[PDB]
Amino acid sequence: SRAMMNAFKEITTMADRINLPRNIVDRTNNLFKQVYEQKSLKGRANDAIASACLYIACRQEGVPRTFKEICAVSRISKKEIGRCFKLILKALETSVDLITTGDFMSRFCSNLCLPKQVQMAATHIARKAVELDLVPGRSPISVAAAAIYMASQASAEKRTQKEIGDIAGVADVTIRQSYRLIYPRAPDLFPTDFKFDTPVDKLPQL
């Protein structure tokens, strides 16, 4: 047992750089030990397997912007976390898709001190994203709550998957399946309003 003890130090060191509490460090640790012996993770990326697990326990509630942020905390082969991620996600998808309807108001989506600047900026992204059909996996209203958590990372306004997506009582497959594939290689969905409070000029991924 060696790499196993090395993946536990990368699971707690990653949450310490994401500004998250030990709560996310308790899920990323139990997430790696639960998928550390999978039939596709003999041990070729202890830091890449933990980073993904972090994007899970945090995407549920405790991560601003999106995975693009949970990645800035880890730098172990960014070409693997993407794969190993789909593996730790299949072992625990979610099964929350049971609303995707109580998000048309978009008024209670800013109960965490969020500025309307990102509220009108998010609608602009889902405006051309839903009108162009880039990821109609679930429904259109899903792009509404996914555009709110997507604008938080491009409107110089960071938030949390909880106060940004959980407050929408929509579904985890709406924000994660809305941007999971709503861009070819960047957020080029803005119509012209979203001036891009943040200087990303290329902020893909949610």
# chains A, B, ... in the order shown; residues from 1 in each chain; ligands from 1
call {"tool": "residues_around", "arguments": {"residues": "residue 53 (chain A)", "least_positions_apart": "5", "cutoff": "8 Å", "atoms": "only C-alpha atoms", "output": "compact mmCIF listing (two decimals) with N, CA, C and O atoms, in the first residue's frame"}}
result
# COMPACT_ATOMS: atom_id res chain seq x y z
N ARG A 27 -15.12 13.82 1.14
CA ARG A 27 -15.79 13.12 0.01
C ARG A 27 -14.74 12.73 -1.04
O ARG A 27 -14.80 11.66 -1.62
N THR A 28 -13.80 13.59 -1.29
CA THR A 28 -12.75 13.27 -2.30
C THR A 28 -11.89 12.11 -1.79
O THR A 28 -11.40 11.30 -2.55
N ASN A 29 -11.70 12.02 -0.50
CA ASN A 29 -10.87 10.91 0.06
C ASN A 29 -11.65 9.60 -0.02
O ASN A 29 -11.15 8.59 -0.46
N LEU A 31 -13.93 9.04 -1.98
CA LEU A 31 -14.25 8.80 -3.42
C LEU A 31 -13.07 8.09 -4.09
O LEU A 31 -13.24 7.27 -4.96
N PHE A 32 -11.88 8.41 -3.68
CA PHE A 32 -10.68 7.76 -4.28
C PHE A 32 -10.55 6.34 -3.74
O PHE A 32 -10.30 5.41 -4.47
N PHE A 85 -12.06 10.98 -14.51
CA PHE A 85 -13.27 11.68 -13.97
C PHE A 85 -14.53 10.93 -14.41
O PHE A 85 -15.39 10.63 -13.61
N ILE A 88 -14.97 7.98 -12.08
CA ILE A 88 -15.46 8.22 -10.69
C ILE A 88 -16.87 8.82 -10.74
O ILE A 88 -17.57 8.87 -9.75
N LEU A 89 -17.29 9.26 -11.90
CA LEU A 89 -18.65 9.84 -12.02
C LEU A 89 -19.64 8.71 -12.29
O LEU A 89 -20.74 8.69 -11.77
call {"tool": "closest_residue", "arguments": {"among": "A:15, A:182, A:173, A:156", "to": "residue 198 (chain A)", "atoms": "only C-alpha atoms"}}
result
A:156
call {"tool": "closest_residue", "arguments": {"among": "A:24, A:167, A:118, A:50", "to": "residue 6 (chain A)", "atoms": "only C-alpha atoms"}}
result
A:50
call {"tool": "closest_residue", "arguments": {"among": "A:171, A:121, A:41, A:11", "to": "residue 193 (chain A)", "atoms": "only C-alpha atoms"}}
result
A:121
call {"tool": "residues_around", "arguments": {"residues": "residue 174 (chain A)", "least_positions_apart": "5", "cutoff": "7 Å", "atoms": "only C-alpha atoms", "output": "list in words"}}
result
residues 138, 142, 143 and 146 of chain A
